[PDB]
Amino acid sequence: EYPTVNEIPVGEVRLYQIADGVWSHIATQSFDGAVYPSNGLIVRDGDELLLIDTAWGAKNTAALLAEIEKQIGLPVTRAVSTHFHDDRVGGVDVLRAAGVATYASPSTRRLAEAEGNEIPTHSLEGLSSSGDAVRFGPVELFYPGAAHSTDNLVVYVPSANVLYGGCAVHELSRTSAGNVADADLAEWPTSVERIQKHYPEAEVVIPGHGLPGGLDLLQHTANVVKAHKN
Ligand SMILES: [Zn+2]
Ligand SMILES: [Zn+2]
């Protein structure tokens, strides 16, 4: 019963319960001639909520805040964008206007600024080298190395063993390597194995786009990325 694009009308958001106090969020957007779904995370942070990633644009993001208040009813206080593309930072201006403090690595902030994308307000220290990990309330943030982008982060919720892979991780039904315009195809395989090694206890794995799975998504991602390289 995971929401798909055919079930989501233009500008609307669905929420999907992943575990106690962990939801994904799902919306759709026009991109490169097609309609794409994409995912984000919501994690209970004591009496508040922590948001991971926008819902891909200002409209979608506004709809996301309203859907949260309707379904959950605890305030969104902080948001983390896991890389610089619009499916992760587009809507940051709406979040800021809503009283949400926005965060990203310095590398993500640099790259977003240079692209003309929206720019999270605050810098996350402690993530600049591959294998670096920091706590951020109810989650761990991990920089596995360049892959889908050079700045890509992954997120682990240790209380639920949920691994959120963002666009560095592909869903099973994806056969290509996605948008590789800003990708490091050479390094991706190493970054993926670094994720496998750091999170062997993961039960749910959520890709940047499409259906959740388990640890198999990481091996699938490795395969798909190799297939592209010839
Ligand atoms: Zn991206
Ligand atoms: Zn993406």
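Cβ atoms come from the backbone with ideal geometry, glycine included; neighbour counts cover every protein chain shown. Please treat every number below as a calculation from the coordinates, not as lab data.
Counting other Cβ atoms within 10 Å as a rough exposure proxy, the listed residues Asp87, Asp32, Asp132 run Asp32, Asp132, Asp87 from fewest neighbours to most. Full extension of the chain segment joining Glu125 with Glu193 gains 22.1 nm, where the gain is 0.36 nm per residue of separation less the Cα-Cα distance. Among residues other than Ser38 with Cβ under 12 Å from its Cβ, the summed charge is -2 (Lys and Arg +1, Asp and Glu -1). A crude spin-label estimate for the pair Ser30 and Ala66, with each label 7 Å from Cα along the Cβ direction, gives 2.0 nm.
Treating cross-link reach as a plain straight distance, find the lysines whose alpha-carbon is under 19 Å from the alpha-carbon of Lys59, omitting any fewer than eight places away in the same chain. Cα-Cα hits under 19 Å: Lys70. Taking θ as phi - 60° and the Karplus parameters 6.51, -1.76 and 1.60, the scalar couplings of the stretch 96-103 work out to 4, 5, 7, x, 8, 7, 9, 9 Hz in sequence order, x denoting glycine and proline.
Amide H contacts for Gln29 (H built 1.01 Å from N in the peptide plane; partners 5 or more residues away or on another chain; cut-off under 5 Å): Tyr36. The helix-only estimate of mean residue ellipticity at 222 nm for the chain, built from DSSP H runs of length n ≥ 4 each weighted as -39500 (n - 2.57), is -7500 deg cm²/dmol after division by the residue total. For the chain, give the share of DSSP beta bridges that are antiparallel, in percent and rounded to the nearest 5; count only bridges with both residues there. Restricted to the chain, the bridges split so that about 70 percent are antiparallel.
What is the antiparallel percent of DSSP beta bridges lying wholly in the stretch 35-88, to the nearest 5?
On the way: 5 of 9 bridges.
DSSP beta bridges in the stretch 35-88 are roughly 55 percent antiparallel.
Rounded if a/c is under 1.5, else prolate if a/b is larger than b/c, else oblate: which is the stretch 117-230, with a ≥ b ≥ c the root eigenvalues of its Cα gyration tensor?
Values: a/c = 1.65, a/b = 1.22, b/c = 1.36.
Note, shape of the stretch 117-230 comes out oblate.
Which of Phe84, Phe142, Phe31, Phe136 comes first, and how do the rest follow, when ranked by fewest Cβ neighbours within 10 Å?
Numbers: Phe84 27, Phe142 22, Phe31 15, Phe136 18.
With the sparsest Cβ surroundings first, the list reads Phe31, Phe136, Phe142, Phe84.
Treating r as the C-beta distance of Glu201 and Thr175 and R0 as 35 Å, the FRET efficiency rounds to 0.75.
Fewest first, what order do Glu140, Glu1, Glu118 take by the number of other Cβ atoms within 10 Å? Walk me through the numbers before you get to the answer.
Numbers: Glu140 16, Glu1 5, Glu118 24.
Result, fewest neighbours first: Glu1, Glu140, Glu118.
FRET efficiency for the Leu74 to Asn6 pair, using the beta carbon distance and R₀ = 35 Å, is estimated at 0.70.
Going Cα to Cα from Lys229, which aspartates and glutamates come in below 14 Å? Please leave out same-chain ones fewer than 8 positions away. In chain and number order, the partners are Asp184, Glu187. Take every pair of alpha-carbon atoms less than 8 Å apart whose residues are at least six positions apart; their mean separation over the length of the chain yields a relative contact order of 14 percent.
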